[PDB]
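**Student:** Next up is a structure, given as structure tokens.
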Amino acid sequence: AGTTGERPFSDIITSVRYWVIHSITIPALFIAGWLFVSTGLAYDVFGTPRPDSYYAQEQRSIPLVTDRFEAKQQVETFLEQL
Amino acid sequence: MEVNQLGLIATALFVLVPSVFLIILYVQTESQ
Amino acid sequence: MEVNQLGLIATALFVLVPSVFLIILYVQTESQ
Amino acid sequence: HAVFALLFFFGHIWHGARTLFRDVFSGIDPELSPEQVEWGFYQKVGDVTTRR
Amino acid sequence: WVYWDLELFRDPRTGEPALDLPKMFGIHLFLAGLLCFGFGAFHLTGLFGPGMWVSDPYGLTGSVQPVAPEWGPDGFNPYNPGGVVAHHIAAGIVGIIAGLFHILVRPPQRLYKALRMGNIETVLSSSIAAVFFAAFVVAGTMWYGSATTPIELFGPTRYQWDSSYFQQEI
Amino acid sequence: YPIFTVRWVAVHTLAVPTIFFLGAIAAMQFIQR
Amino acid sequence: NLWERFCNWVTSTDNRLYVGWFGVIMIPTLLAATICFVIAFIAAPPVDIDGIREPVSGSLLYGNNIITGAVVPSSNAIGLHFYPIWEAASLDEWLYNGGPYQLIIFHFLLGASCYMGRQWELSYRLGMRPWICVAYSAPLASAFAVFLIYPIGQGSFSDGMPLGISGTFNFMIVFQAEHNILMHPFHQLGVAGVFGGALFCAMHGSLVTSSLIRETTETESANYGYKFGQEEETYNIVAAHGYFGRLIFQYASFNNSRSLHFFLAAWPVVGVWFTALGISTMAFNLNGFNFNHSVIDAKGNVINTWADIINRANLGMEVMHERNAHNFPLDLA
Amino acid sequence: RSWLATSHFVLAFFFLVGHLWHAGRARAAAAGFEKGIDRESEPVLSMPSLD
Amino acid sequence: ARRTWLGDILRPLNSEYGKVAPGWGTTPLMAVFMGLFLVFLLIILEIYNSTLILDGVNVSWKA
Amino acid sequence: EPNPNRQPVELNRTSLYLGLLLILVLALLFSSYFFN
Amino acid sequence: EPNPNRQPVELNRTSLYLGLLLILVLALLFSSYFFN
Amino acid sequence: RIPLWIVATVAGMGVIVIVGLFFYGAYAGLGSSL
Amino acid sequence: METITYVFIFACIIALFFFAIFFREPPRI
Amino acid sequence: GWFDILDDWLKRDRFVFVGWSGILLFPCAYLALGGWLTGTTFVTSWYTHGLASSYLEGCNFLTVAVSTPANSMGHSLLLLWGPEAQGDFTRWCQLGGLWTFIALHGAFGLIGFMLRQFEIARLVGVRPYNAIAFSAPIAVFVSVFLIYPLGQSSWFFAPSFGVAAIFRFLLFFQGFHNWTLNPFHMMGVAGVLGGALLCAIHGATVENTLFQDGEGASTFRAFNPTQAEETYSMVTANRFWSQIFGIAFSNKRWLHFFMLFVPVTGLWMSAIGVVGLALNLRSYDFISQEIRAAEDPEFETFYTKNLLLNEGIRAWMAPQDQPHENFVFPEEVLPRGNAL
Amino acid sequence: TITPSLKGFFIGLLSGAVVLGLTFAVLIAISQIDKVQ
Amino acid sequence: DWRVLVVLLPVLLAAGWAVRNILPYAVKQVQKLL
Ligand code: CLA
Ligand code: CLA
Ligand code: CLA
Ligand code: CLA
Ligand SMILES: CC(C)=CCC/C(C)=C/CC/C(C)=C/CC/C(C)=C/CC/C(C)=C/CC/C(C)=C/CC/C(C)=C/CC/C(C)=C/CC/C(C)=C/CC1=CC(=O)C(C)=C(C)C1=O
Ligand SMILES: CCCCCCCCCCCCCCCC(=O)OC[C@H](COP(=O)(O)OC[C@@H](O)CO)OC(=O)CCCCCCCCCCCCCCC
Ligand SMILES: CCCCCCCCCCCCCCCC(=O)OC[C@H](COP(=O)(O)OC[C@@H](O)CO)OC(=O)CCCCCCCCCCCCCCC
Ligand SMILES: CC1=C(/C=C/C(C)=C/C=C/C(C)=C/C=C/C=C(C)/C=C/C=C(C)/C=C/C2=C(C)CCCC2(C)C)C(C)(C)CCC1
Ligand code: OEX
Ligand SMILES: [Cl-]
Ligand SMILES: [Cl-]
Ligand SMILES: [Fe+3]
């Protein structure tokens, strides 16, 4: 097989400089992901309904899209009646 | 016309079976 | 059972024609 | 025609392959140099003029 | 089949059986454009031909009628008969121009080697490619319906039942 | 050995978002209706 | 030294088909099951499988084709009771109650089990390694699961997989409605085993064919580049590994043919082992994952998922399967 | 009962596989070809053809 | 090979086998038409798909 | 040992033409009666 | 003059068996749908 | 510098924890049917 | 007639088995 | 030339080969994978299906999915800048824009991968039979995720990218299409199961016919990639199966070609059948048996039993599986057996 | 008239052209920097 | 909104910390290439 030329993964993940850098970068990305949910930013970015944002106080009728081109406003008018 | 329904396959097999027999023998004769 | 009247002939040809094609090819190979 | 079209996509691929690899469709080169297919040897894959 | 060994199929210098596929394409493409043009210009227009089948949006009064070309943007609306006429006229001209070009101008050295233009199987591959492209298109226009697939000839579509297309008119 | 290569990018394009996503889902386990 | 002559012929390696001591049991049983199957598939009268005096036709002469034809499982009235011919007052009774089904599968399971042992035996006689039979244990366990183990856990051979094409489908549909086999991690390993098996089969097949060393011309088959029993390998694994090692990355490819081929055996066998155990464990009603009404909003409304949609489909099979066999609201047997 | 029946059936089956594995190998090891076929003494090569 | 009257006439049409233009030739010009044709197909596709809605162009049986 | 009584079987192009003619003509003659 | 592009055709016994099997099984499968 | 068997054990330990947390969240909060 | 057809095909397959096993093309080294 | 310079860089021997095909493959494939991971983690299906389908909503790995666009969207491309989403990323996700995003980028990803197979095979010097074989997964993807919903009313009835969502797709095709009764799926089953059989039986045979090329009990060490000899006995393997099964392989090249043929042919056959289902052209019934059963209330087969099951599936799942139809089934119209 | 639908189409065109443009502009640049010896 | 800065803050610090730990090793690679 030989080796292509890049630095072997084995020696990198066993190097100190690597874990000096990645003992900060990896947890930060983890925390960043945590904050993306705990702040509730994920809900507003993707438009995913919160546990209290599926129905109104007295409806079981599914807010289903029935139109094609006016579908955007049809979803927006669903968000309004909440 | 209300003909014999088996007449079609009987006629087809009447043609195919012996004709194939002759084609088989011929082709294997030329290849010798 | 009220089946298709062409079922018999369609099945018979579906077997016979390509199988004959193979048999013909084989016999002219052994003769070579 | 939808079934025939999908079936002809394979026809495109098959006869397409046959055209580009014509030199090796009866089998690959009898003693292909291992170095060619082994990594790191060439700077460019397959190019004999790129040995490090 | 009997007279297969014609001189025309021989290469003048080598004597090997050879076909100049790049010029053959130009010639045959030139022919296709002429026929394409003539089809739309005469047969479809009714200038020298019967025209084509046209009908009302509900397929009640269909007949063969001469069709004038649609040269506006609506000519790309496939439920417009005039688009079909304008297509074979315009694409017919393009085919003629391209035909002449693919006759007079030799292929680049690189494209010849890359596409193997000395091997006839490269034509089979690309032809088959264009063939299923056209096969997928005619399947689509048949199922979704167009001006080339009238409901008095091939029957209504499923999408007319889905939308109750005939019930609203009734 | 080179530090930043094609392989380097190929790694971090899968690496970085994965840990970010794992942290996100980790926070979702504490969401109460 | 007369019985020794018999033993030598039985264990003989010069027979066109190896007999062996496993074969001494295999040959009669398989012939018994086969002969009965052929006769029953063609000319057997209707069978009251659900034991509710509602005979189900399965043979060709009684209005079936190849697709709808089947040998129908024994009556639910019978259950796990052993029902040979001599336990019936007449062949007519025996046929009405699904007699042929038990006769076939029992002779078959015995024959099939000996078939596996027969595989070890010849390999021992030839000086081979003996684990090919271990690979055959994967489909054999699968047959044991649907023919023997599942009827045991459920309490009737009437809930065994029928010997037919459509009957097989009936077995699958009813199974899903009662066990949710799709949402079971063992069937999912089975799917991964057979999809992966087919993948790797296509994969190994393509890579070896691609790396075939040219020994032939364009006017003949490439297969004639190989002669039976030749010393040299017909392909170049070095080139093949060079290709697949670049398709992904080299450390995701096999350079060891023995290690590669072992993987080819391990993956689908292990996968089928699990889906075999899946049927076997679901036979005792340890069913697939149940996430019906798992997601709930703040107020308390059930927010459906794809699992709840699967449930609605399962409800449809449940309330319709064996429409006359249930007298009580809970389906236990 | 469901827990006890399923768990031990799984174990029972794999132990049968374990039987087949260790038994066959024991036979081969005692006979002297568990590590493969001798190239210069292949048994089949000394046997007659089946046809 | 055999000479025919129709063969002699068609002879020049099949006499330039293997003849090519030096280098890339008209390859870039080809790419421009390939780009425009891709745009063209993309237009008529979205017209039928109603992703592209134009004035005066009602993609329907009503027309 | 191979059997010494085996003979090659032949059928020239002419006999193929004669046979096919015989079969087709008989078929053309008897087909009407098969349909009845 | 003869055509130099002509080639003999072969089909060994194994290919025959395989081919016949492919046809017989396809027949057994599709026959039910033909009779319908 | 750092033993590879240690890196593998720590990473493995981290996997079991983050996976166990997910199985924990299956019985509590959203998707717990409660 | 459907039955006869189904059985006939099945019979041919079994026959094919016999010839593919006992009258196969003998593999030679 | 700049073209030749770029060609050198693209075809450099690296840990991860790129090539010209990489310009199409890598971005499309990354977006398809990323789009699915994004949707199954955050994006819902509440406005398209009335379903939860992300970890954020409480779904697990088996139940998460990227669901198909609403039926009212039709066969719309649903581009982000399209007339439906109108540049709004949030609305785009809520409408099912990520499904087409994955389906389309995933399609051109598969094209890029098959091209990658051609490209590498040309540089290495081997035949392109791996690319040819990969036409079967593509034919499957195209027929099921593209052609089938195109034949139907909308993208809604295409498979949703999820585990349980696929299981829905399976049961849907049973209840509505009777897909099991279709001969084209049957040939596919025989190809997949037959492929798994060939895969298992080949690896097992080779492993159990190995030559002794070492003194160790673990025979994996007794092989070298650069060896010229076969590692297993084809002769011994041939005699074994000849006596066990009756027939056996005698040609290695035909063996490995056949291993390509079986599963590839099967998938292509199943692909053809799906194309038919796109037009509701099903192998749903046998007319001969329906005539008999309708006239004779004592005639029953496993075929007529399965149709009762399909009828149950349809009537019980349709209102929720097709919420755009506004199906309302009073209890008294539901097909039910006794007691249950 | 430039309908909102047509407006988006040109946006889709430019967006695609920029992506393909920047991609090849980067790749060609890198290819010239690290040439093959 | 403020939530964006909160989420991107650990990402920025992570990238920054990584740069200063690799910067003397990073730019040398570009010295050698150029
Ligand atoms: C699975 C896909 C696939 C694969 C693997 C191949 C493989 C091959 N083709 Mg084929 N081909 C394909 C599909 C494919 N083709 C299709 C669908 C067509 C259209 C009919 C063609 C048309 C075609 C021709 C005309 C030729 C080949 C040739 C070839 C060979 C050289 C490679 C090449 O030219 O690629 C071509 C490039 C591609 C397949 C990639 C194109 C990517 C496009 C540009 C992306 C477009 C994105 C789009 C605009 C985004 C929005 C879309 C959305 C709104 C719907 C090789 C055998 C050549 C040959 O035979 O040489 C001997 C040849 O002349 N192909
Ligand atoms: C894409 C969809 C898909 C896929 C890929 C699979 C895949 C699988 N399913 Mg699943 N399944 C699905 C959808 C799917 N299923 C759905 C939607 C449902 C709900 C309706 C089910 C319901 C379901 C059930 C209920 C069962 C499966 C089973 C299986 C397995 C079948 C293969 C098998 O058992 O081989 C094993 C091999 C054999 C059984 C063959 C044994 C052969 C013997 C040893 C010899 C026979 C010789 C013969 C009689 C004569 C030969 C003659 C010749 C020599 C000439 C496999 C893991 C089965 C399983 O897991 O069984 C353990 C099972 O019982 N599925
Ligand atoms: C290999 C690269 C590649 C390919 C093939 C595709 C292909 C596709 N993407 Mg994807 N995408 C890519 C990379 C790619 N993408 C990348 C890197 C990203 C991240 C930035 C995205 C982000 C993305 C999004 C956000 C979306 C897509 C979508 C699409 C689809 C529609 C594309 C379209 O209509 O283009 C049209 C543009 C072209 C075909 C380019 C034409 C270029 C020629 C040369 C014309 C030049 C014109 C000239 C410059 C004049 C300009 C106009 C002027 C007159 C005013 C299609 C399936 C859409 C989708 O899936 O919707 C469901 C969608 O919303 N992509
Ligand atoms: C014995 C059981 C059994 C078996 C063996 C099969 C076998 C098959 N069925 Mg059937 N089926 C069964 C039972 C069974 N079915 C039953 C009982 C039903 C109920 C009626 C169905 C319903 C059913 C349906 C509805 C469909 C099938 C289809 C198929 C085929 C699937 C092929 C495949 O692998 O596609 C897998 C998909 C591909 C190969 C496409 C390409 C996928 C790419 C390569 C993925 C790349 C991923 C990438 C690496 C990143 C992934 C990341 C992520 C994992 C995180 C195959 C022929 C399908 C078919 O016919 O398709 C044509 C289909 O749509 N079956
Ligand atoms: C009385 C009546 C009527 C009874 C009939 C009842 C009934 C149910 C009839 C139906 C019969 C039936 C089969 C129906 C199925 C119909 C059906 C699904 C048809 C599909 C056919 C078709 C076109 C499929 C397309 C896909 C396809 C081509 C699949 C191929 C499947 C296939 C051939 C699999 C074979 C697998 C197999 C047996 C492998 C073993 C081969 C073997 C012995 C190798 C031995 C071996 C291994 C080694 O590794 C080495 C090294 C050597 C040396 C060696 O030798
Ligand atoms: C249950 C399964 C049943 C399967 C049955 C299969 C039967 C197959 C054999 C039957 C057909 C054989 C035909 C051989 C035909 C054939 O090959 O003839 C040629 C043959 C002469 O043989 P030779 O001695 O020349 O042999 C040379 C070798 O090449 C022959 O092998 O003549 C005869 O065999 C005698 C009968 C001649 C009859 C020919 C008269 C035809 C005249 C035209 C009739 C139609 C026109 C009528 C106008 C009014
Ligand atoms: C040690 C764990 C064993 C697990 C059960 C066995 C699985 C592998 C064997 C399948 C038999 C296939 C048919 C015979 C195929 C055959 O003949 O193989 C032949 C192959 C060759 O080995 P040798 O003959 O050189 O060595 C055998 C002994 O003498 C020990 O040296 O045997 C092995 O490689 C044994 C590997 C043991 C380790 C395997 C572990 C794999 C499972 C790991 C857990 C997976 C869980 C997945 C959950 C999703
Ligand atoms: C959409 C879109 C886009 C894209 C984006 C992306 C591309 C993203 C990505 C993302 C990502 C890329 C993510 C990732 C994730 C990952 C994950 C989340 C993972 C996980 C894993 C796990 C969970 C594991 C598990 C396991 C296994 C499998 C093994 C065994 C055991 C265990 C369990 C450990 C853009 C902006 C361009 C544009 C717009 C649209
Ligand atoms: O029998 Mn045949 O399937 Ca076992 O579950 Mn209960 O029983 Mn009846 O229902 Mn569901
Ligand atoms: Cl039932
Ligand atoms: Cl009850
Ligand atoms: Fe192999």
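Since every read-out is calculated from the coordinates, none of them should be taken as a lab result. As a convention, Cβ positions derive from the backbone with ideal geometry for all residues, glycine included, and neighbour counts pool all protein chains shown.
**Student:** Which pairs in the list E:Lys113/N:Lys11; I:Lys19/N:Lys11; D:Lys44/N:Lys252; N:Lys11/P:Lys32 are over 25 Å apart, alpha-carbon to alpha-carbon? Write down the numbers at each step before the final one.
**Tutor:** Working: E:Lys113/N:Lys11 19 Å; I:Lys19/N:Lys11 30 Å; D:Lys44/N:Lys252 33 Å; N:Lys11/P:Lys32 22 Å.
Pairs exceeding 25 Å: I:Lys19/N:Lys11; D:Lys44/N:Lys252.
**Student:** 7 Å from Cα along Cα→Cβ at both G:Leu17 and G:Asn324: what's the point-to-point distance in nm?
**Tutor:** Taking the two extended label points, one gets 4.3 nm.
**Student:** Hey, got the average number of other protein chain Cβ atoms within 10 angstrom for residues in N:272-279? Mind dumping the intermediate values first?
**Tutor:** Working: counts 5, 1, 1, 6, 2, 0, 3, 4.
The shielding value for this peptide is 3.
**Student:** Ratio of Rg to Rh for the protein assembly as shown, alpha carbon only, Kirkwood? Could you put the intermediate results ahead of the total?
**Tutor:** Numbers: Rg = 34.6 Å, Rh = 36.2 Å.
Reported Rg/Rh (Cα atoms, Kirkwood Rh): 0.96.
**Student:** On to the next question. Quick check: the distance between the Cα centres of segment G:166-213 and chain J, to the nearest angstrom?
**Tutor:** After rounding, the separation between the Cα centres reads 50 Å.
**Student:** If you don't mind, there's one more thing I want to ask. Reported to two decimal places, what Rg/Rh ratio describes chain I when computed on Cα atoms with Rh from the Kirkwood expression?
**Tutor:** Details: Rg = 23.0 Å, Rh = 16.8 Å.
Computed over Cα atoms, the ratio is 1.37.
**Student:** Moving on. Take N:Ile166 and A:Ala1, extend 7 Å from each Cα along the Cα→Cβ direction, and tell me the distance between the two endpoints in nm.
**Tutor:** 2.9 nm
**Student:** Can you give the relative contact order of chain E as a percent, counting alpha carbon pairs under 8 Å and 6+ residues apart?
**Tutor:** Values: 195 pairs, mean separation 40.7, N = 170.
Relative contact order for chain E comes out at 24 percent.
**Student:** Would you calculate the separation in nanometres between label points at E:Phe101 and N:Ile5, each defined as 7 Å from the Cα along the Cα-to-beta-carbon direction?
**Tutor:** 2.9 nm
**Student:** Which whole number gives the average, over all residues in E:124-137, of C-beta atoms from other chains lying within 10 Å of the residue C-beta? Display every interim value, and only then the final one.
**Tutor:** Values: counts 7, 10, 4, 3, 9, 7, 2, 5, 11, 4, 3, 9, 9, 2.
For this peptide, the per-residue mean of nearby foreign Cβ atoms is 6.
**Student:** Under 10 Å, Cα contacts only: if you run a Gaussian network model on chain E, which one of E:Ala114, E:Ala139, E:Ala98 comes out with the highest mean-square fluctuation?
**Tutor:** Highest fluctuation of the listed residues: E:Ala114.
**Student:** A further question follows. Relative contact order for chain N: what is it in percent, counting Cα pairs under 8 Å that are at least 6 residues apart? Mind showing how you got there, number by number?
**Tutor:** Numbers: 415 pairs, mean separation 59.2, N = 340.
Over chain N, the number comes to 17 percent.
**Student:** Mean separation of Cα pairs under 8 Å and 6+ residues apart, divided by the residue count of chain D: what relative contact order is that in percent? Display every interim value, and only then the final one.
**Tutor:** Values: 20 pairs, mean separation 8.5, N = 52.
Worked out over chain D, it gives 16 percent.
**Student:** Next question, about the same structure. E:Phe9: net charge of surrounding residues, Cβ under 15 Å, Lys/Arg +1, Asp/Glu -1, itself excluded? Write down the numbers at each step before the final one.
**Tutor:** Numbers: positive: E:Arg10, E:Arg13, E:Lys23, I:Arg2, I:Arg3, I:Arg11; negative: E:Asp5, E:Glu7, E:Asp11, E:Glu16, E:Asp20, I:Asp8, I:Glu16, K:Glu1.
Here the count lands on -2.
**Student:** Continuing with this model, one more query. Summing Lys, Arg as +1 and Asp, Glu as -1, what charge do residues with Cβ under 10 Å from the Cβ of N:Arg91 carry, N:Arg91 excluded? Intermediate values should be presented prior to the final figure.
**Tutor:** Working: positive: A:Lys72; negative: A:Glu76, N:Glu84, N:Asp88.
Cβ neighbours under 10 Å give a net charge of -2.
**Student:** Which of the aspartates and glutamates could a cross-linker span from N:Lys305 if the Cα-Cα distance has to be under 13 Å and same-chain partners fewer than 8 positions apart are dropped?
**Tutor:** G:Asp50, G:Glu54, G:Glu318, G:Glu322, N:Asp285, N:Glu290
**Student:** What FRET efficiency, computed as 1/(1 + (r/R0)^6) with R0 = 35 Å and r the Cβ-Cβ distance, is obtained for G:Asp331 and F:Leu14, rounded to the nearest 0.05?
**Tutor:** Numbers: r = 47 Å, r/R0 = 1.34.
Once the sixth-power term is evaluated, E becomes 0.15.
**Student:** Rounding to the nearest 10 and keeping the result within 0 to 90°, find how far the Cα-based axis of helix N:163-175 lies from the longest principal axis of chain N.
**Tutor:** Computed tilt is about 70 degrees.
**Student:** Sequence neighbours fewer than 8 away in the same chain don't count; with that in mind, list the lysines whose C-alpha is under 19 Å from O:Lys7.
**Tutor:** A:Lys72
**Student:** Follow-up. Compute the convex hull volume of the Cα atoms of chain E, divide it by the residue count, and report the result per residue in Å³ as a whole number.
**Tutor:** On the way: hull volume 32.1 nm³, N = 170.
That works out to 189 Å³ per residue.
**Student:** Sorting G:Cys201, G:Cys7, G:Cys114, N:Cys93 on the 10 Å Cβ count, fewest up front, what's the list? Mind dumping the intermediate values first?
**Tutor:** Values: G:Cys201 33, G:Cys7 10, G:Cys114 21, N:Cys93 27.
Taking fewest neighbouring Cβ atoms as first place, the list is G:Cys7, G:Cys114, N:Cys93, G:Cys201.
**Student:** Given axes a ≥ b ≥ c from the Cα gyration tensor, I'd like to know whether chain G is rounded (a/c under 1.5), prolate (a/b larger than b/c) or oblate.
**Tutor:** Details: a/c = 2.34, a/b = 1.24, b/c = 1.89.
In terms of gyration-tensor shape, oblate.
**Student:** Computed from the mean reciprocal separation of all distinct C-alpha pairs, what Kirkwood hydrodynamic radius does chain A have, in Å?
**Tutor:** Working: mean 1/r = 0.0567 Å⁻¹.
Evaluated on chain A, it is 17.6 Å.
**Student:** Now, a different point. Name the residue, out of A:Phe30, A:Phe69, A:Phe46, whose mean-square fluctuation peaks in a Gaussian network model built on chain A with Cα pairs under 10 Å.
**Tutor:** Greatest mean-square fluctuation among the candidates belongs to A:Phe69.
**Student:** Just rank N:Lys252, I:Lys19, fewest to most, by other beta-carbon atoms within 10 angstrom.
**Tutor:** Numbers: N:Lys252 22, I:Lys19 12.
So the residues, fewest neighbours to most, are I:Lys19, N:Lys252.
**Student:** A further question on this structure: In terms of the Cα gyration tensor, with a ≥ b ≥ c the square roots of its eigenvalues, is segment G:80-181 rounded because a/c is under 1.5, prolate because a/b exceeds b/c, or oblate?
**Tutor:** On the way: a/c = 2.96, a/b = 1.49, b/c = 1.99.
Judged from the Cα gyration tensor, segment G:80-181 comes out oblate (a/c at least 1.5, b/c at or above a/b).
**Student:** Something else: What whole-number value in cubic angstrom gives the convex hull volume per residue for the C-alpha atoms of chain N?
**Tutor:** Values: hull volume 83.1 nm³, N = 340.
For chain N, the hull spanned by Cα atoms encloses 244 Å³ per residue.
**Student:** Where in segment A:36-59 does the amide nitrogen come within less than 18 Å of the point 7 Å from the Cα of A:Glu76, taken along Cα to Cβ?
**Tutor:** Of the residues in segment A:36-59, A:44-48 have backbone N under 18 Å from the label point off A:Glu76.
**Student:** Can you give me the angle between helix D:2-20 and the longest principal axis of chain D, using Cα atoms only, in degrees from 0 to 90, rounded to the nearest 10?
**Tutor:** 30 degrees
**Student:** Mean Kyte-Doolittle of at least 0.5 plus a Cα span of 20 Å or more along the axis: flag which DSSP H helices in chain G meet both, please.
**Tutor:** On the way: long enough: G:20-43 (34 Å, 2.24); G:99-126 (41 Å, 0.28); G:165-179 (21 Å, 0.65); G:185-210 (36 Å, 1.02); G:257-282 (38 Å, 1.10).
Helix filter hits for chain G: G:20-43, G:165-179, G:185-210, G:257-282.
**Student:** Next question. What's the exposure ranking of A:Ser10, G:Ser74, going from fewest to most Cβ atoms within 10 Å?
**Tutor:** Details: A:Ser10 10, G:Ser74 28.
In increasing order of surrounding Cβ atoms, one gets A:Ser10, G:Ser74.
**Student:** Take the alpha-carbon centre of segment D:22-41, take the same for segment E:114-170, and report the distance between them in whole Å.
**Tutor:** 43 Å
**Student:** Build a GNM of chain A with springs between Cα atoms under 10 Å: which of A:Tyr54, A:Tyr18, A:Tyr43 gets the top mean-square fluctuation?
**Tutor:** A:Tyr18
**Student:** Take every residue in peptide E:76-89, count the Cβ atoms of other chains within 10 Å of its Cβ, and give the average of those counts.
**Tutor:** Values: counts 9, 10, 5, 8, 4, 1, 1, 1, 0, 0, 0, 0, 0, 0.
The per-residue average across the peptide is 3.
**Student:** Still on this model: Could you tell me the distance between the Cα centroids of segment N:149-170 and segment N:248-311, to the nearest Å?
**Tutor:** 20 Å
**Student:** If one takes the longest principal axis of the Cα atoms in chain E, at what angle in degrees, from 0 to 90 and to the nearest 10, does the Cα axis of helix E:121-144 lie?
**Tutor:** Approximately 0 degrees, to the nearest 10.
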